[PDB]
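Shown here: structure_15.cif, mmCIF, C-alpha atoms.
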```
data_coords
#
loop_
_atom_site.label_atom_id
_atom_site.label_comp_id
_atom_site.auth_asym_id
_atom_site.auth_seq_id
_atom_site.Cartn_x
_atom_site.Cartn_y
_atom_site.Cartn_z
CA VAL Y 3 0.00 0.00 0.00
CA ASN Y 4 1.47 3.38 -1.23
CA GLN Y 5 4.22 1.76 -3.41
CA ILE Y 6 5.75 4.34 -5.77
CA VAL Y 7 5.15 3.67 -9.45
CA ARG Y 8 6.34 7.09 -10.78
CA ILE Y 9 7.52 10.49 -9.46
CA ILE Y 10 6.50 13.61 -11.43
CA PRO Y 11 8.20 16.98 -10.62
CA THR Y 12 6.44 20.29 -11.18
CA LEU Y 13 8.74 23.17 -12.04
CA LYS Y 14 7.42 26.73 -11.92
CA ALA Y 15 7.74 28.57 -15.30
CA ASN Y 16 7.62 32.34 -15.91
CA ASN Y 17 7.06 32.71 -19.64
CA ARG Y 18 5.08 29.78 -20.99
CA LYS Y 19 6.03 30.09 -24.63
CA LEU Y 20 9.72 30.31 -23.62
CA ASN Y 21 9.51 27.15 -21.53
CA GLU Y 22 7.45 25.35 -24.24
CA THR Y 23 10.02 26.22 -26.87
CA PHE Y 24 12.71 24.70 -24.65
CA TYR Y 25 11.13 21.46 -23.47
CA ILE Y 26 9.18 20.65 -26.61
CA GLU Y 27 11.07 22.23 -29.46
CA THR Y 28 14.59 22.05 -28.11
CA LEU Y 29 14.50 18.90 -25.95
CA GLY Y 30 11.98 16.78 -27.88
CA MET Y 31 9.23 16.31 -25.24
CA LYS Y 32 5.54 15.90 -26.04
CA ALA Y 33 2.70 18.12 -24.70
CA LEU Y 34 0.19 15.77 -23.27
CA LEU Y 35 -2.39 18.05 -21.74
CA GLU Y 36 -2.68 21.71 -22.39
CA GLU Y 37 -4.45 23.27 -19.51
CA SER Y 38 -4.13 27.02 -18.84
CA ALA Y 39 -2.47 26.63 -15.42
CA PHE Y 40 -0.02 24.05 -16.74
CA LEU Y 41 1.75 22.10 -19.37
CA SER Y 42 1.80 18.34 -18.93
CA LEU Y 43 4.98 16.97 -20.56
CA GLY Y 44 5.95 13.39 -21.41
CA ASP Y 45 7.05 11.24 -24.39
CA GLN Y 46 5.43 8.94 -26.94
CA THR Y 47 4.28 6.55 -24.24
CA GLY Y 48 1.75 9.28 -23.61
CA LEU Y 49 2.57 9.24 -19.89
CA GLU Y 50 3.14 12.41 -17.94
CA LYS Y 51 6.73 12.74 -16.66
CA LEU Y 52 7.20 16.51 -16.05
CA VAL Y 53 4.76 19.34 -15.34
CA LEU Y 54 5.47 23.07 -15.84
CA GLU Y 55 3.43 25.47 -13.81
CA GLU Y 56 3.02 29.15 -14.67
CA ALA Y 57 3.70 31.81 -12.08
CA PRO Y 58 3.57 35.56 -13.04
CA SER Y 59 6.53 37.88 -12.33
CA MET Y 60 3.93 39.97 -10.37
CA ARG Y 61 3.98 37.34 -7.62
CA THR Y 62 7.23 35.54 -8.24
CA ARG Y 63 10.99 35.98 -8.33
CA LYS Y 64 14.21 34.31 -9.32
CA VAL Y 65 16.04 32.03 -6.83
CA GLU Y 66 19.18 33.50 -5.29
CA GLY Y 67 21.79 30.81 -4.79
CA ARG Y 68 21.23 27.13 -5.13
CA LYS Y 69 17.80 26.02 -6.28
CA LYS Y 70 15.86 23.20 -4.63
CA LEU Y 71 16.27 21.50 -8.03
CA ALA Y 72 19.99 20.83 -8.30
CA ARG Y 73 19.62 19.02 -11.69
CA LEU Y 74 16.84 17.38 -13.76
CA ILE Y 75 18.08 14.15 -15.29
CA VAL Y 76 16.47 12.89 -18.49
CA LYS Y 77 17.57 9.39 -19.33
CA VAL Y 78 16.80 8.75 -22.97
CA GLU Y 79 16.26 5.18 -24.32
CA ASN Y 80 17.59 5.55 -27.94
CA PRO Y 81 20.96 7.34 -27.86
CA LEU Y 82 20.66 8.44 -31.50
CA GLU Y 83 17.77 10.61 -30.35
CA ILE Y 84 20.24 12.73 -28.28
CA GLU Y 85 22.37 13.21 -31.41
CA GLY Y 86 19.22 14.22 -33.29
CA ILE Y 87 18.55 16.93 -30.72
CA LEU Y 88 22.17 18.21 -30.90
CA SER Y 89 22.03 18.28 -34.74
CA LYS Y 90 19.32 20.95 -34.30
CA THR Y 91 20.40 23.16 -31.35
CA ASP Y 92 23.12 25.80 -31.21
CA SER Y 93 22.93 26.43 -27.42
CA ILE Y 94 23.97 23.53 -25.16
CA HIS Y 95 25.82 24.39 -21.89
CA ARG Y 96 28.24 21.39 -21.94
CA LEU Y 97 28.81 18.19 -23.91
CA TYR Y 98 29.70 14.78 -22.53
CA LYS Y 99 30.06 11.26 -23.85
CA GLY Y 100 29.86 7.95 -22.02
CA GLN Y 101 29.46 4.22 -22.66
CA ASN Y 102 26.27 4.38 -24.77
CA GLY Y 103 26.53 7.80 -26.47
CA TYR Y 104 26.69 11.55 -26.20
CA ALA Y 105 25.05 13.49 -23.38
CA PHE Y 106 24.66 17.16 -22.63
CA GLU Y 107 23.71 19.82 -20.18
CA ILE Y 108 21.62 22.88 -20.98
CA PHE Y 109 19.90 25.59 -18.84
CA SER Y 110 16.17 26.15 -19.08
CA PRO Y 111 14.56 29.66 -19.22
CA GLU Y 112 14.23 29.47 -15.36
CA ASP Y 113 17.90 28.39 -15.08
CA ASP Y 114 17.15 24.83 -14.19
CA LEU Y 115 20.11 22.67 -15.23
CA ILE Y 116 19.04 19.65 -17.28
CA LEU Y 117 21.20 16.65 -18.09
CA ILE Y 118 20.07 14.58 -21.09
CA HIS Y 119 21.88 11.30 -21.35
CA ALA Y 120 21.44 7.66 -22.31
CA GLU Y 121 23.67 5.86 -19.75
CA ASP Y 122 22.95 3.06 -17.26
CA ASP Y 123 25.34 5.02 -15.06
CA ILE Y 124 25.77 8.76 -15.62
CA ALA Y 125 29.16 8.41 -13.79
CA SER Y 126 30.67 7.09 -17.10
CA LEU Y 127 30.10 10.54 -18.68
CA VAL Y 128 33.34 12.31 -19.79
CA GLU Y 129 33.22 15.96 -20.93
CA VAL Y 130 34.13 16.48 -24.62
CA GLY Y 131 35.89 19.86 -25.19
CA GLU Y 132 35.71 20.36 -28.94
CA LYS Y 133 32.07 20.08 -30.08
CA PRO Y 134 31.57 17.78 -33.09
CA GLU Y 135 29.04 18.16 -35.88
CA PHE Y 136 26.06 15.79 -35.56
CA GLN Y 137 24.24 14.04 -38.42
CA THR Y 138 20.89 12.31 -38.26
CA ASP Y 139 18.96 9.76 -40.34
CA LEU Y 140 15.99 10.26 -37.93
CA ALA Y 141 12.79 11.94 -39.27
CA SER Y 142 11.76 13.57 -35.93
CA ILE Y 143 13.54 15.10 -32.91
CA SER Y 144 10.80 13.80 -30.65
CA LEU Y 145 12.13 11.68 -27.77
CA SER Y 146 10.32 8.37 -28.09
CA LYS Y 147 11.01 7.17 -24.49
CA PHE Y 148 12.69 8.90 -21.51
CA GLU Y 149 12.66 8.65 -17.69
CA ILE Y 150 12.97 11.62 -15.34
CA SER Y 151 14.98 11.59 -12.19
CA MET Y 152 16.52 14.45 -10.24
CA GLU Y 153 19.11 15.76 -7.86
CA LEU Y 154 17.66 17.93 -5.08
CA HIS Y 155 19.50 20.46 -2.95
CA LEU Y 156 18.66 19.92 0.76
CA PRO Y 157 20.01 21.94 3.72
CA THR Y 158 21.93 20.00 6.37
CA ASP Y 159 19.69 21.20 9.25
CA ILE Y 160 16.49 19.75 7.81
CA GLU Y 161 15.38 16.23 6.90
CA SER Y 162 13.00 15.33 4.10
CA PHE Y 163 9.86 13.38 4.83
CA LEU Y 164 11.03 11.38 1.78
CA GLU Y 165 12.80 8.14 2.78
CA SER Y 166 15.63 6.66 0.67
CA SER Y 167 13.60 3.42 1.01
CA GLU Y 168 10.70 4.99 -0.93
CA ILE Y 169 12.36 7.51 -3.27
CA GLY Y 170 14.79 4.98 -4.69
CA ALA Y 171 17.07 6.15 -7.50
CA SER Y 172 14.59 8.72 -8.98
CA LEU Y 173 15.70 11.16 -6.29
CA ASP Y 174 19.20 12.11 -5.08
CA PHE Y 175 19.63 14.61 -2.19
CA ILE Y 176 22.70 16.85 -2.25
CA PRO Y 177 23.60 18.73 0.95
CA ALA Y 178 23.43 22.47 0.16
CA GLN Y 179 23.17 25.97 1.62
CA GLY Y 180 21.20 28.86 0.25
CA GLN Y 181 18.52 31.34 1.34
CA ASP Y 182 15.78 29.92 -0.95
CA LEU Y 183 16.24 26.18 -0.32
CA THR Y 184 13.23 26.11 2.04
CA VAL Y 185 11.23 29.16 0.76
CA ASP Y 186 7.43 28.92 0.40
CA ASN Y 187 6.78 27.59 -3.13
CA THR Y 188 4.90 30.66 -4.28
CA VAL Y 189 7.98 32.84 -3.68
CA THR Y 190 10.39 31.66 -6.44
CA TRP Y 191 10.52 29.84 -9.83
CA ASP Y 192 11.72 26.40 -8.70
CA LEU Y 193 10.61 22.85 -8.03
CA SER Y 194 7.25 23.33 -6.25
CA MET Y 195 5.68 19.88 -6.22
CA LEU Y 196 6.57 16.20 -6.45
CA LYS Y 197 3.65 13.96 -7.44
CA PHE Y 198 3.79 10.30 -6.42
CA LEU Y 199 1.74 7.82 -8.37
CA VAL Y 200 1.24 4.73 -6.14
CA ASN Y 201 -0.11 1.18 -6.52
CA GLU Y 202 -2.88 1.69 -3.91
CA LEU Y 203 -3.42 4.90 -1.97
CA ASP Y 204 -3.48 4.61 1.87
CA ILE Y 205 -4.64 7.84 3.44
CA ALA Y 206 -4.15 6.51 7.00
CA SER Y 207 -0.34 5.89 6.66
CA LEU Y 208 0.05 9.31 5.06
CA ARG Y 209 -1.90 11.12 7.81
CA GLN Y 210 0.40 9.43 10.32
CA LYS Y 211 3.55 10.35 8.31
CA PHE Y 212 2.61 14.08 8.02
CA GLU Y 213 0.92 14.35 11.42
CA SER Y 214 3.51 17.00 12.45
CA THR Y 215 2.38 19.24 9.57
CA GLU Y 216 -0.22 20.76 7.19
CA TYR Y 217 -1.87 18.29 4.85
CA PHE Y 218 -4.92 18.24 2.60
CA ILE Y 219 -7.43 15.52 1.63
CA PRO Y 220 -10.08 16.59 -0.97
CA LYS Y 221 -13.71 15.54 -0.36
CA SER Y 222 -13.24 12.86 -3.18
CA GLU Y 223 -10.44 11.21 -1.18
CA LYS Y 224 -8.62 10.77 -4.54
CA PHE Y 225 -5.35 12.09 -3.26
CA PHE Y 226 -3.35 13.24 -0.30
CA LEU Y 227 -1.42 16.48 -0.44
CA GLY Y 228 1.36 16.94 2.13
CA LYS Y 229 4.21 19.40 2.37
CA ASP Y 230 7.87 18.70 2.94
CA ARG Y 231 10.13 20.51 5.38
CA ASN Y 232 11.61 22.47 2.47
CA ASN Y 233 8.08 23.52 1.40
CA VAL Y 234 7.86 21.37 -1.78
CA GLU Y 235 4.35 19.94 -1.96
CA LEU Y 236 4.09 16.12 -1.96
CA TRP Y 237 1.04 14.81 -3.77
CA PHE Y 238 0.05 11.12 -3.63
CA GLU Y 239 -2.61 9.42 -5.79
CA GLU Y 240 -3.28 6.07 -7.49
CA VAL Y 241 -1.99 5.37 -10.98
#
```
Conversion result in structure tokens:
Amino acid sequence: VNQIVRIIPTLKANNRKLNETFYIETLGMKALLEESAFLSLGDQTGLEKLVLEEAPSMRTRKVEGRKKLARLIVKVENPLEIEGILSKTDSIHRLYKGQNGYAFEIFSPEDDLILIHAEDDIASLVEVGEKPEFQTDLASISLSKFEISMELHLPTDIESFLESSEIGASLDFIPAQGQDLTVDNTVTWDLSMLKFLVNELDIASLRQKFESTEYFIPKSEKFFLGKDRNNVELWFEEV
């Protein structure tokens, strides 16, 4: 009961079209759902893997220092799809290569650092200095299959409600200092929610877990919304 099937991060986005151009046009993700509050992103499986959420500059500001999101990691299945992407973009931050193929880093419009790679262990990545030219026999940049994981910056004086037992390999905590690492999630453009899709939802265990804190159960009982000690929202529902 409450076994984690998938974790979906929500990143706050300032300019929608900017962020769309980046994740869809540049990176090769698919728009699944186009609501007005948010863009549901995924791949050709049709499954949601990343959510962007719009926050106006009226209400919102840029992180100073380390972000709660240290890095978003996009593990691509076909490595020739990464080379397809690079054949089309002028603006990568850094190029790597490992066992299975090339990999790169690039900053998003909200300065989130994204690693796109194809490795069974991203620790095999070696930085290539001189950029090559990339060819492609592929007819579409679209990423067919990818898996999101992430590195999260966590201060040393707080503990996440998230257990290593639960959060597996999808989530890596890096010790970190910075003013905005525990800021209320309305304050900055950053990681604002993690959604956990689970085998069966148990509201009782979750109530117990977050007893020391604010939580929310809708009248439908279809999910449980808790809040982590760094003020990232933690949403649980069935898959």
Of the candidates Y:61, Y:69, Y:229, Y:18, which one gets nearest to residue 41 of chain Y if we count only C-alpha atoms?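 Answer, going by the shortest atom-to-atom distance: Y:18.
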The PyMOL selection byres ((chain Y and resi 157) around 12) on the file shown: which residues, as a PyMOL selection string? chain Y and resi 68-70+154-156+158-162+175-185+231-232
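Using all atoms listed in the file, the protein and nucleic acid residues lying no more than 8 Å from residue 138 of chain Y, apart from those fewer than 2 places from it along its own chain, are residues 82, 85, 86, 89, 136 and 140 of chain Y.
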Test item: the PyMOL selection byres ((chain Y and resi 45) around 8) resolved as a PyMOL selection string: chain Y and resi 31-32+43-44+46-51+144-148
For each of Y:149, Y:76, Y:131, Y:139, take the minimum atom-to-atom distance to residue 117 of chain Y, counting all atoms listed in the file, then give the residue where this is smallest.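 Closest residue, counting all atoms listed in the file: Y:76.
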